[PDB]
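According to the entry's author numbering, the sequence shown is numbered sequentially starting from 3.
We put the CB at the ideal spot given by N, CA and C, even for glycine.
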Amino acid sequence: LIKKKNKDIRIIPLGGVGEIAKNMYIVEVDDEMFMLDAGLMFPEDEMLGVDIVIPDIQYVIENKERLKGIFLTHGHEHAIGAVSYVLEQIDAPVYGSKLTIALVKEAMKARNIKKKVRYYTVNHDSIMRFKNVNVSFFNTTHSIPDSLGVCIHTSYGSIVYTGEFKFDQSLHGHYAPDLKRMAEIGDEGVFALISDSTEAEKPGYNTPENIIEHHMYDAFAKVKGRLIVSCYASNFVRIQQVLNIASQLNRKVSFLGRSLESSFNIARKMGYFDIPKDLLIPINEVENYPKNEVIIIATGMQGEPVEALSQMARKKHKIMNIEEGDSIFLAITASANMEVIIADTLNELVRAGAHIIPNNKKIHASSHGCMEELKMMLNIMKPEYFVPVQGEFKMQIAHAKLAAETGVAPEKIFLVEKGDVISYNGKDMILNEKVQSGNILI
Ligand SMILES: [Mn+2]
Numbered sequence: 003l004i005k006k007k008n009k010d011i012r013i014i015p016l017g018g019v020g021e022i023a024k025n026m027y028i029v030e031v032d033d034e035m036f037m038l039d040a041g042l043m044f045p046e047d048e049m050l051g052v053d054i055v056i057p058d059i060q061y062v063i064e065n066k067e068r069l070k071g072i073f074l075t076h077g078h079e080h081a082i083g084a085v086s087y088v089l090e091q092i093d094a095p096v097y098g099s100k101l102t103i104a105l106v107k108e109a110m111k112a113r114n115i116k117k118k119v120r121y122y123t124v125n126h127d128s129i130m131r132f133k134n135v136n137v138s139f140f141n142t143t144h145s146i147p148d149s150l151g152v153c154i155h156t157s158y159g160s161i162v163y164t165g166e167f168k169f170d171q172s173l174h175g176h177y178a179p180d181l182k183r184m185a186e187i188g189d190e191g192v193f194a195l196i197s198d199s200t201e202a203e204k205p206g207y208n209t210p211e212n213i214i215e216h217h218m219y220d221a222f223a224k225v226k227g228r229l230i231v232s233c234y235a236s237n238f239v240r241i242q243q244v245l246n247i248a249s250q251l252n253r254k255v256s257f258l259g260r261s262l263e264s265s266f267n268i269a270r271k272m273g274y275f276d277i278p279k280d281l282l283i284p285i286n287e288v289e290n291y292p293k294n295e296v297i298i299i300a301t302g303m304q305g306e307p308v309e310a311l312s313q314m315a316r317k318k319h320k321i322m323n324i325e326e327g328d329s330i331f332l333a334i335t336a337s338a339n340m341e342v343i344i345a346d347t348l349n350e351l352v353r354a355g356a357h358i359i360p361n362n363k364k365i366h367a368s369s370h371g372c373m374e375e376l377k378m379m380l381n382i383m384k385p386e387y388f389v390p391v392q393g394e395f396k397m398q399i400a401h402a403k404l405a406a407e408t409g410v411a412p413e414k415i416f417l418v419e420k421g422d423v424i425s426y427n428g429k430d431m432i433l434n435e436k437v438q439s440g441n442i443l444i
């Protein structure tokens, strides 16, 4: 519900536009400022070495007095990766789901930041109140559980930020969408919608996750020897899928040494995963079992999951190496930037004499909605104004075209770069100002 009659609305992207951010979107209602997400970016191609890129928050610092909070949609590193670095320079309350807050806390622990932080755990029923506006939330479907959309209630209508999202008819736990809550927000009136454009260029729909799990099952069932599956640590659904399959094929699961990935292990201890007892075994205990009774999972982030298999195929891995008659499956989705290292690794896999489980080319796997899924969000929301984010310029354009198709006025669709300022007086929406933005390498 709306608290007061508002005057000024400003929307500023400091990350996540013209790039696969590294998400950070600043929303201002009158004298109050809100930051939606704070992601990092891994440097793209170029030269391999440096670890991370974060947004320039100089505009936020100059107006730190007005920052009422930081709102985090999900626990991925493109959403919460730069939070610690923001919290060093500014002190603001952090809002997120139960899992997201846990993952942020771990990030602060890992950087040995002992500074006290005000954490507020939110859910789809939470309604956070401020001087000028009320903020509500709704569940979204993503590769990680407890992802939320943010709804800022103003007199002009709702400012909605989707975060990264999808629409899958097979995911229905803490991955479930809030169709009712979304529909309500739409009917009460959405002033401006800020949505994910990552897969805006791909027509149609994502392949439903259950179809993917089924095809993995049928493929894994044929494996007579050892099986090694490569995954992103970010993709909890794919991880949950192989755990299900291993249980059904009476195999047991082992992660690469020497311990477990932090995000996975936090979510596991909070009960987000469905894991039978003694399904997981330590990597040192793998030799005790016959080759056909183990599934080894290689997880990573930057693109190592592929690199790890290269190190295994080429007898150079510090923990475990590939032996002839081993089976390999890539449970990932390949960026054009990683087409080359997959091709090289596959070759080395074949030279080691490993069986390559082929990826179904009819399958399109993504954490982000395709054209029709994005139009789905647009049809439910029915925004007056649209601001496509989370994509390169070509991706943003594609998302804009989708919006126009759903009935959003072309005049009211805005394509922006980092530092651009979208302002609303009460009559006209204008892009007339530009603030400090950029990339900070770390
Ligand atoms: Mn994500």
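- In the DSSP assignment, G159 is bridged to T156.
- For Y291, the CB contacts under 8 Å within the same chain, skipping 5 residues up- and downstream, are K254, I283 in chain order.
- Remark: C-beta atoms of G17 and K7 do not approach each other more closely than 8 Å.
- Your pair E407 and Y207 does not check out as a contact, with CB atoms roughly 16 Å apart and the cut at 8 Å.
- Distance between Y387 and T164, taken at the CA atoms: about 14 Å.
- Straight through space, the alpha carbons of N136 and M130 are spaced by roughly 6 Å.
- For the options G77, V31, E46, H78, the alpha carbon positioned closest to that of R68 is the one of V31.
- Residue list for ligand 1: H76, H78, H80, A81, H144, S145, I146, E166, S236, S369 (CB closer than 7 Å to any heavy atom, chain order).
- Taking all protein chains in view, the Cβ of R240 is crowded by 16 or more other Cβ atoms within 10 Å, so the residue is classified as buried.
- One alpha carbon belongs to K377, the other to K436, and they sit about 30 Å apart.
- Residue environment: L433 is assigned as exposed (fewer than 16 neighbouring CB atoms within 10 Å of its CB, all protein chains considered).
- The criterion of a C-beta distance shorter than 8 Å is not satisfied by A185 and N141.
- A residue is called buried when at least 16 other Cβ atoms come within 10 angstroms of its Cβ; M272 does not meet this threshold and is exposed.
- The stretch 390-410 makes no contact with the stretch 236-250; the number of CB pairs closer than 8 Å stays below 3.
- For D198, the enclosing beta strand (DSSP E) stretches over residues 192-198.
- In terms of CA proximity to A112, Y87 leads the group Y87, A310, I415.
- A distance of 8 Å or more separates the beta carbons of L74 and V29.
- One thing to note: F169 has its Cβ no nearer than 8 Å to the Cβ of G151.
- The Cβ atoms of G393 and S199 sit closer than 8 Å to each other.
- Using a Cβ distance threshold of 8 Å, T335 and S368 count as a contacting pair.
- Per DSSP, the continuous beta strand (DSSP E) segment holding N434 begins and ends at 431-436.
- Nearest C-alpha to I161 among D10, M49, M373, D328: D10.
- Between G305 and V52, the alpha-carbon positions lie close to 14 Å from each other.
- Here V135 carries a coil assignment [DSSP, helix/strand/coil].
- In the displayed model, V231 falls within a strand according to three-state DSSP.
- When C-alpha distances from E79 are compared across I146, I115, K70, the shortest belongs to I146.
- Take the alpha-carbon of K420 and the one of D430: they are about 21 Å apart.
- Per DSSP, reduced to three states, the secondary structure at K111 is helical.
- With a cutoff of 8 Å on beta-carbon distance, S256 and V231 are scored as not near each other.
- Taking the Cβ atoms as the reference, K66 lies roughly 5 Å from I92, within the contact range of under 8 Å.
- Approximately 7 Å separates the beta-carbon atoms of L101 and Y274; this is inside 8 Å, confirming the contact.
- Rounded to the nearest angstrom, the Cβ distance from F132 to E34 is 6 Å, consistent with a contact under 8 Å.
- Burial of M26 is indicated by the presence of at least 16 other C-beta atoms within 10 angstroms of its C-beta.
- Under the criterion of beta carbons closer than 8 Å, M373 and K204 qualify as touching, at roughly 6 Å.
- Taking 4 residues as the shortest admissible run, the stretch 373-425 contains the following complete alpha helix (DSSP H) segments, listed from N- to C-terminal end: 373-383, 395-408.
- Per the C-alpha coordinates, the member of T143, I154, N441, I344 positioned closest to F36 is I154.
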